[PDB]
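A single chain, nothing else alongside it, follows as structure tokens in the form deposited in one PDB entry.
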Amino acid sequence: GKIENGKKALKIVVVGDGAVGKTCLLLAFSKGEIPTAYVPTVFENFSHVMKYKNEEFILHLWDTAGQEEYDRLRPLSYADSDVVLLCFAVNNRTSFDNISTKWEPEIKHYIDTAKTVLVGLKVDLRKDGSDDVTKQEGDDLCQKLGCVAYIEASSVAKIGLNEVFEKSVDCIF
């Protein structure tokens, strides 16, 4: 619950296994596309203005990673976070299981006061006949972990991107 110029402001941190699509989520959400160019391991934190209810919110968006120096820097990203997106890829069951084994506990340790939103990324990839994570599985995990919501999204297909960040704003304001 911050106010930075005259605009309500929110800090959102994005966490989850490598390659679940965290950097693409932020690029697609804020830039409206994923550029054909070298995608960085971690996007430096930045502010994005989002027009929502009928007002403007300033979102302070923090990408994170677990490779190279970013693994060591990650804990420092959490301070004063209002919302944490717990991200996995729906076609990667390992990443889903790690929400419970690694990511939710890490968040509870460093920033228990943050609200969490469970985010099922790469939903464009879900298909019958594999062991892809279902919407019911995401809903159940959200329930067990006390997240505010489970939201499915695709950066590539532009599905659910605004919903993720609109729900983030909603649970704070």
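Start at 1 with the first residue shown and count on from there. Each form is matched to the other, and the largest set of C-alpha atoms that superpose within 1.5 Å is called the rigid core.
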Give the stretch, out of 130-138 and 48-56, with the larger mean C-alpha temperature factor in the deposited entry. 48-56
27-35 versus 104-112 - which carries the larger mean C-alpha B factor in the record: 27-35
Max C-alpha B-factor within the set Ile151, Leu10, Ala19, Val13 falls on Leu10
Among all modelled residues of this chain, ranked by Cα B factor, put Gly120 in the bottom, middle or top third, i.e. lowest, middle or highest. lowest
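The form deposited in another entry is left out here; the points below concern that form.
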Shift test between this form and the one not shown (rigid core reference, C-alpha, 2 Å or more cutoff) over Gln143, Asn45, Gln67, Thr134 hits only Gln67
Using a rigid core alignment, state whether the CA of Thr113 is displaced by 2 Å or more between this form and the one not shown. no
Knowing the shift is 3 Å or more, I'd like to know if the C-alpha atoms of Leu27 and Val39 are closer or farther apart in that other deposited form than in the shown chain. farther
Any idea whether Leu85 and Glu68 get closer or farther by CA distance in that other deposited form, knowing it moves 3 angstroms or more? closer
